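The form deposited in one PDB entry is given below as one chain in structure tokens.
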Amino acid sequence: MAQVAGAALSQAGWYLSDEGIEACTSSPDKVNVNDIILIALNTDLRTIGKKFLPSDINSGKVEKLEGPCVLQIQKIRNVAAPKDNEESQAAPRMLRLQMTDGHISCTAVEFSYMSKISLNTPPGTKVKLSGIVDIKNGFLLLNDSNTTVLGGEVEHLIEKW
């Protein structure tokens, strides 16, 4: 049922509004949580998200983030390399991710070397933050032990430019 599917998403970690979830549903027929998750993953989060990020995250009033949360990535820029030379090897790679939920946008920093997330990651890709995440100075700290990329099929807007 619709309530059963909503509950299933609730423990799955996705937080989406009622308009969003009736948007993701193909029809009031037999639709599984798997296809609901896939359809939501395809859709842009800025129109299906809820108010679940605790707000004021850009300030220092929040200590840590808990629970498995799904977030979208807007911009990725290498803070260890200059704008002109985006592939310089003089510094280890270290990425700053602008991470939205559709309502409030936070900023995360790569604390340990990852492999899944790279500069050639399409904007709109989604990640899951299962575990405990540290909010140091209004900045999320991302580790390979609490970040899982779930892919993404959203209309690309960068086009390498």
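Residues that one form lacks are left out of the comparison. If you superpose the two forms and keep the largest set of C-alpha atoms that fall within 1.5 Å, you have the rigid core. Numbering starts at 1 and runs along the sequence shown.
FYI, the form deposited in another entry isn't displayed, but the following is about it.
Among the candidates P92, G67, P28, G60, displacement between the shown form and the other one reaches 2 angstroms at the C-alpha for one position only, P28 (superposition on the rigid core). Relative to this form, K30 and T125 approach one another in that other deposited form, with their C-alpha atoms ending up at least 3 Å closer. Listed in sequence order, 19 to 31, 157 to 161 mark where three or more consecutive residues have CA shifts of 2 Å or more between the shown form and the other one on superposition of the core.
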